[PDB]
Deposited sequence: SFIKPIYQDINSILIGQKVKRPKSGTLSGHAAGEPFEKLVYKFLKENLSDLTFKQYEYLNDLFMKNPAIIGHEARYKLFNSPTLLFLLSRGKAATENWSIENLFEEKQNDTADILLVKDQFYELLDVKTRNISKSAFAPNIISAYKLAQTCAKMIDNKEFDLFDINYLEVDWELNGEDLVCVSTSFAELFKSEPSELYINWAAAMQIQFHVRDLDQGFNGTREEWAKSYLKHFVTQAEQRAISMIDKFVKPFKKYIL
């Protein structure tokens, strides 16, 4: 993680910091971005801003196929790149904006290594509700592609969690948390199928005691994923079928 060495720096900056009251705390992410662009400026990219960048760097490379070759990475191409029609229709006069379904919130790159940082926010006033982290399915392909292409030391997926509460007309940061996905026990990940199949947890609750290699983590997760999938399917007959079979 490029952000860890100065996490403490951030915690101090964000704790206390306030924002406008109209996710709910989307402002806080901006602050986090703003901050990063000030201390790790030559590393910081909103996801789309990296695509725009890479395509300006080679204007004689047009069409999707050619543009896709510019990633040097099947895994990354899969996590970061936009559609084939979207990549086709890219131009200086037609840059990428934000995309709702996009993988990361913020991207930290340095010497071909990539940290993909999601910035999650939380209303601590209300009852804890573990948010969607990432698609269990998307993560699955990610792991598969990692294995197939030998890409084991190219990129990390990390999260920052900004805790806030309602205080008058503005909203304030009470605390934060930081964790790294590939440093958690894969088989302890909670997959909520019904919830668009998303792994779920609060960052402060994520464990960081994985011991093996990156490649072990992927196999281990794929193992857990496949296993949760086998079990989810049977559990479906009982929840959504059985209880209703009488009425028909």
property	result
Sequence order list of spans that the model leaves without C-alpha positions, deposited numbering	23-30, 257
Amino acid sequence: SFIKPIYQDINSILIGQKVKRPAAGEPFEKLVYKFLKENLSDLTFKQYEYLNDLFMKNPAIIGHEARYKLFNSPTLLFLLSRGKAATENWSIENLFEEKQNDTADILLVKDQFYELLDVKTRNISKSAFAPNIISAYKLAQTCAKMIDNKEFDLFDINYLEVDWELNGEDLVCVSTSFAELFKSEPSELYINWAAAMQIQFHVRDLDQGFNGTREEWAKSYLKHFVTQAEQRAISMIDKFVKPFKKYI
From here on, numbers count along this sequence of modelled residues.
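C-alpha atoms forming the largest set that superposes within 1.5 Å between two forms make up the rigid core.
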| item | value |
| --- | --- |
| Greatest C-alpha divergence in 6 other deposited structures of this protein once each structure is fitted on the rigid core, 215-223 or 29-37 | 29-37 |
| Missing-residue flag, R21, threshold a third of other entries | yes |
| 99-107 set against 131-139, stretch whose average Cα temperature factor tops the other in the entry | 99-107 |
| Greater mean Cα temperature factor according to the PDB record, 8-16 or 223-231 | 8-16 |
| Most elevated Cα B-factor in the entry, residues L117, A85, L76, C173 | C173 |
| From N89, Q112, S81, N158, residue of greatest CA B-factor | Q112 |
| Assigned third (lowest, middle, highest) for the C-alpha B factor of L40 | highest |
| Record-listed C-alpha B factor of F28: chain third | highest |
| Assigned third (lowest, middle, highest) for the C-alpha B factor of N211 | highest |
| Ranked against its chain, the third holding the CA B-factor of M146 | middle |
| Among modelled residues of the same chain, the CA temperature factor third for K34 | highest |
